[PDB]
Amino acid sequence: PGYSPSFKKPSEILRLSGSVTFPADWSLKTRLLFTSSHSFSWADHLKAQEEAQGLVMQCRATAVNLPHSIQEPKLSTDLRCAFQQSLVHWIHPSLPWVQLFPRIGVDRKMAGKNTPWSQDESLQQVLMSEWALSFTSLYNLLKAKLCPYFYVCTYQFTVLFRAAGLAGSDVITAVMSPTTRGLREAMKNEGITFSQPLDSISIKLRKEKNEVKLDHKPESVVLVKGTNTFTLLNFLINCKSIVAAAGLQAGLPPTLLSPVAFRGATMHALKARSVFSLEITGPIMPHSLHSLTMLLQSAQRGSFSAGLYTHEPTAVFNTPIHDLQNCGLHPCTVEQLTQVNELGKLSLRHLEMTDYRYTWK
Amino acid sequence: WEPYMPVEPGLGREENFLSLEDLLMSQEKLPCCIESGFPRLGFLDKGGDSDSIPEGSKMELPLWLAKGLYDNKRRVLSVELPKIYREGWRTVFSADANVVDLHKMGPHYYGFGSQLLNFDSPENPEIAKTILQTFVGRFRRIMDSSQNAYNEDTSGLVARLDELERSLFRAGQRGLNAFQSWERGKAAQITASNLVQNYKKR
Amino acid sequence: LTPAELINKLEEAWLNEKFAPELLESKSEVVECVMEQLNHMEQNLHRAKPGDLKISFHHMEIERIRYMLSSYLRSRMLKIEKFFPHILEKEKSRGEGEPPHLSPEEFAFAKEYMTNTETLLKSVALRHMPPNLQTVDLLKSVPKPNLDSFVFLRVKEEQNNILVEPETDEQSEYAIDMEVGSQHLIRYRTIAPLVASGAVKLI
Amino acid sequence: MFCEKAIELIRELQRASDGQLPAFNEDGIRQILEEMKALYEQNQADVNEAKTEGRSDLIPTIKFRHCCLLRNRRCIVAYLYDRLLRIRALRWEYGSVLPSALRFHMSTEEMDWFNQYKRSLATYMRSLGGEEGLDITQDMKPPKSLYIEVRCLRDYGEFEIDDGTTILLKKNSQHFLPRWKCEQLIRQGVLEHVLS
Amino acid sequence: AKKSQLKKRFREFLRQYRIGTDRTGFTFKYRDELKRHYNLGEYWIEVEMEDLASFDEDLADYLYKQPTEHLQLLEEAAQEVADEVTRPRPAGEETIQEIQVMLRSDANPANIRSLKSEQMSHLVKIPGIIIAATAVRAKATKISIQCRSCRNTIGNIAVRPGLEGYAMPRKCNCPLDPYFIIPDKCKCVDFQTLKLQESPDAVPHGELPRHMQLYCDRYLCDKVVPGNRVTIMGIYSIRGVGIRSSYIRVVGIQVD
Amino acid sequence: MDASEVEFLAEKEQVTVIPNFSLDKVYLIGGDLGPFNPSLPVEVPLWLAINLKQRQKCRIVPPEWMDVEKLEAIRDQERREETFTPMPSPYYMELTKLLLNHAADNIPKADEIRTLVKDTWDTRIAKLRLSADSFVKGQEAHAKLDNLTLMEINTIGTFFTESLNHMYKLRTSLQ
Ligand SMILES: [Zn+2]
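Residues numbered from 1 in each chain as written, not as in the entry; some residues may be left out. Chains lettered and ligands numbered in written order. Part of a larger assembly, values for the part shown. Heavy atoms only, no water.

cryo-EM is the method the PDB entry lists for this structure, together with a resolution of 3.14 Å.

Taking the PDB entry as the reference, chain E is identified by name as DNA replication licensing factor mcm5-A belonging to Xenopus laevis. The PDB lists this entry under the title "X. laevis CMG dimer bound to dimeric DONSON - without ATPase".

With the PDB entry as reference, chain D is termed DNA replication complex GINS protein PSF1, source organism Xenopus laevis. Annotation of chain D in UniProt includes, under Function, the sentence "Required for correct functioning of the GINS complex, a complex that plays an essential role in the initiation of DNA replication, and progression of DNA replication forks. GINS complex is a core component of CDC45-MCM-GINS (CMG) helicase, the molecular machine that unwinds template DNA during replication, and around which the replisome is built." Here chain D is described in UniProt, under the heading Sequence similarities, as follows: "Belongs to the GINS1/PSF1 family." (UniProt positions renumbered as here; feature names shortened; annotations may be inferred.)

Okay, here's the thing in structure tokens:
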């Protein structure tokens, strides 16, 4: 229509054209990511009955032995109940609007929050008294072999009490990772017998320089053993540097973590979410990780991979140190935790299981 | 469209084999101690009369030689940090980073500081942190100087900047001039390249 | 596929190639279709009687499309010239079922360029070198693409649960839910498959 | 010590940052090669002495000389590659035929490399599409109009168009030619784009 | 009041002045300059006088004859425009800084011996050569006073620019004159005094050159050293029976 | 990506022109050009409109969003929300510049339009500068830049990305 009789419409041209078990890790993970070829959808949409049964089973220390392999995980009530049981821990301070697990080097998430204990003093004293009672009850539970271990997380250092028999030891132990010279000297003047395993006054300062080199660093780990743990408990309860007096975490008592109930405990749960991949967030203790691996071995037919994110200031807890049936742990977990610490200042970063064989990285 | 495209230097602990700037940065000398003597190499030391360098002597070897002869066993050579990277200057840098003169301290500060991490030392976690915080603290002034400076002598603003920061300044200045020339309607002219004009000057 | 969609695909390929640190997948089909359409339109314009405004319209359109095609091919050529050894090594170990990254002409050009560089370096320097030191591995000398560079992107198809900085837990927020039509600033390594599958456009 | 000549050679290149391919330095390369040969001979002699007569103290000297040799090779390789990079741009800026001024500063091997690069580029251009290929070198800026006003800046004899008629390019003369015929002349420096 | 209208007109001048033609393009000249200077850290601009005349001849004519109030209004308008151009400022820089406006023109310069008494409180342009200078002292702009007896506080008092003080109140609103200046609650700026000498050629035969005292403030300090030829634009003002010393509040310097 | 290329992408929007010549339908590779009837609107790509106006063969009709009241509303909205806001066109600056420079006798009240577009541009650029500063200060790894046009990105690009690359290299070296 108007064009010369050789013009081709643009569209016309185009028309024409392997160990059995992994080594025990005593560090505190903060996030876990499991990846597997098979589906993780079984750990979703848990019914009310399953959650109630899981909570009751955890509180009553019931051991669950799943079969060697499961082909219909979505129809297995035992597996989901064991999952809900494995996602339960106890924390003493119950303040829902304040983050409490990561206490070292966390100020962005602690900024701009309603903290009445920072200024008021009677409230701080009440919180301190309750914390002291909870700590004493937890230690008493540990002594009678009714609790395997528990963590104490201050805003400067972290302690780990272990029962008699765990990690190859034969007596109650205690590990303080970031210790300072002043704190150590204060411990010496109280009867505690510890042992680090890792101008004339100016000359004395020079001598202290070799001593004060690795302070505020993971190489200042301090190991207390035997009956000295009781005096350590009393000293920590009566110490004046556990609670910060200036900053964001001013007046907040240290956090207590435990796998079993104690006076003042608050039942908590870990967040699980499947995307195949499965994500679990929160304070991960070794028994939780072992139970999760035990469940996923049967659910995934012995084929999955795990990526572990670790809390660095608790990695030195793997430093070697050398009747637990009522402690409230699975016998397999007790067997695994009663080993000799192989890792040193190092934590697991990648775990892979193929054909029921573990190859940790 | 830049006609000439030389090989970019490699930031971090790894260099580029074909980079000219990385070939000059490693030339800078670094304090070293000869843990095991170099026989028949005493001719290098003009003052030394013997033909062999004795054991325990101290020399300022270039960075490339120190990297080549270094071994974790520390039986052939040991490395001492330069003065700028020790605690005394690190605290000064932590005080305020916009007041120092990183062109006289060292023409390549970030690159040499990163290369120092190849040699093992108990102070590397602090050196890396100091370098990162220095860059973070000096970024904002570089951005403001580069963006907001039109038709003005920039020799006063780039006299205290090392080569990486000078390259960032050039990037900012060429990102500003392009927009300013577009708004003034001078970006619609077909013009010869700078290389052709420079050749014509000869 | 209308010709307009072909032009839009050419524009998208051009923009994606400009901002990518590596050499993206070849799109030789679009190149050939555009070239054929331009070749036909040249004669279609030539036949028309002089003095017609349609001549101006079509010639302007042809000049407007040829520039885009030339720019895309020039970007590909520059990327090939900067990283010839790694590209050639990846092409040698190419597995069937994976889309090719080089058109045959580009592959021949890369071979010839590598041969020229090796011959020149050898003859000029390596002959007179000490006999022990006369072999230079170009796979360990020529630089490599920086896949950690930050890029701008616009999302076309929704993606959920995207992990930011997968190797570190220092980041406060590690999960990003990308919606449709939003724009983000993120590293190239994180969202390389999305760009490869066409779900994300680099602009 | 060593490598001084190589580092001076590298500095010479680094001084002229904006392309500007300088004259080839042959004496420096010769001296570097002689130094490398002497180092290799001394190193081999020391190696034999430590091999047969049992002198374990000579190993660090061998390591030192080997490192020096590696550095000397690295400098020469980088020096050659940078000159190749500078030479490549001449193909994309000064048309196809190189001016004699630039050629006078080029070595014979570099000239052979340039010719081979030009042939490969031409082959790739022709390979694109049917008939004559799409010349990538041209069309280096977004197009805005068909005809542009230009003015000569020097005498260039006569410039011919496909119509078979030449145009007498005299200084200070203006012609209203189409854009696609003058872009290369503008980029070379023979014409100047005149805007209203 | 008319002050608000004048301030609005100055703001419109700053926001709407453009340079260039539609054949090339238009660029706002003073808004861009204000943004660039404020981001760089230099809080000043150099406003020409022919541009202001071209925009609004009345506004330029009210600056050549009553420079004080009109220059103050121009500075306030510049501060408001600079605040609106860079409205989302980074954290910690919410407060807006004060802007100093310098003037410039291409008029033929006058002479020191041609300054009559009629041209008092008028903008003048006199060349000369600097022969002296003083140390950079401090001049207050905002002061706060407090009673000695009842400790009542009257803050944010403004002090006029130039060599002009502030008469302190007598009634306490506590004996007579109970008010003292609080030391730390004072905002100060730089302050310098120069001496301008008549040019070596404008001096008549058989007569020594005359002098004139100058006043410099804020970014005009430490710009001229003794022995420089300058062209000064400033406000002729006053600092025997009825005799008053006269100085020149400098608002612009062009070092030659 | 230079500003000329960003303009090249903005010269494909649709605008309405009123031609004076007469021409039948033109079949372009990117679409079909409507019949050209004198004193009758026909939508054309912006480059064609600019060429016709420069050759004195049309009369550009201003876009809908180019009104004083709408632009004032947009400017007031932009100076109110902390984050970026949607714009009437993805190429508002290029469209404003080209239309107001090449055809101002047809568009009425051009000066106020140019004064309001500039204010909106200044506010958006200040927000972008704040975003860049906050990104570098916090050592983040991701940012959500919604409703941000291409020219505003081009203003600060090739400087932000290189700074982030160097910061990342200096941030993960011990690893
Ligand atoms: Zn009083």
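Still to come is the rest of the account.
(A) Layout of unusual backbone geometry. In this structure, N172 of chain D is a non-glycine residue whose phi angle is positive, near 65 degrees. With respect to the helices and strands, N172 of chain D occurs in the loop between strand 3 (166–168) and strand 4 (174–175). Even without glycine at this site, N173 of chain E takes up a positive phi of about 60 degrees. By the secondary structure assignment, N173 of chain E is in the loop between strand 7 (153–158) and strand 8 (179–197). Residue classification places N173 of chain E among the exposed positions, given a relative accessible area of 70%. (Helix = DSSP H or I, 4+ residues; strand = E, 2+ residues; numbered from the N terminus. Buried < 20%, exposed > 50% of the residue type's maximum accessible area, 1.4 Å probe, protein only.)

(B) View of the nonpolar core. Among the nonpolar cores identified, the biggest contains 201 residues, and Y110 of chain B, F57 of chain C together with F36 of chain F are the most heavily contacted of them. When residues of this core are assigned to their parent elements, the largest contribution, 14 residues, is made by helix 3 (residues 59–93) of chain D. (Core = buried A, V, L, I, M, F, W, Y, C linked by side-chain atoms within 4.5 Å.)

(C) Looking closely at the interface of chain D and chain B. Listed by partner, the interface residues are 52 residues for chain D and 44 residues for chain B. Buried area between chain D and chain B, both sides added, is near 4,500 Å², and the carbon and sulfur share of it is 67%. There are 2 salt bridges connecting chain D and chain B. Elements that contribute at least two residues to the side of chain D that touches chain B include exactly helix 1 (4–15), helix 3 and helix 6 (183–188) of chain D. The class makeup of the residues in the side of chain D that touches chain B is 26 nonpolar, 9 polar and 17 charged. (Contact = heavy atoms within 4.5 Å. Buried area = accessible area lost by both parts, 1.4 Å probe. Salt bridge = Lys/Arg side-chain N within 4 Å of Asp/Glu carboxyl O. Nonpolar A, V, L, I, M, F, W, Y, C, P; charged D, E, K, R; others polar.)

(D) Inspection of the coordination of the zinc ion at higher detail. All names here are of chain E. Coordination of the zinc ion by the protein is provided by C147 (SG), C150 (SG), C172 (SG) and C174 (SG), with metal-donor distances spanning 2.3 Å. In this structure, the zinc ion is coordinated by 4 donor atoms arranged in tetrahedral fashion, with angles at the metal of 106 to 115 degrees. Of this pair, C150 sits in the loop between strand 6 (137–147) and strand 7 while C172 sits in the loop between strand 7 and strand 8, and the two are 22 residues apart along the sequence. Residue classification places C150 among the partly exposed positions, given a relative accessible area of 31%. Its relative accessible area of 8% is what places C172 among the buried residues. (Donors = N, O, S within 2.8 Å, 3.2 Å for Na, K, Ca; no water. Tetrahedral: all angles 85-135°; square planar, octahedral: opposite > 155°, others 65-115°.)

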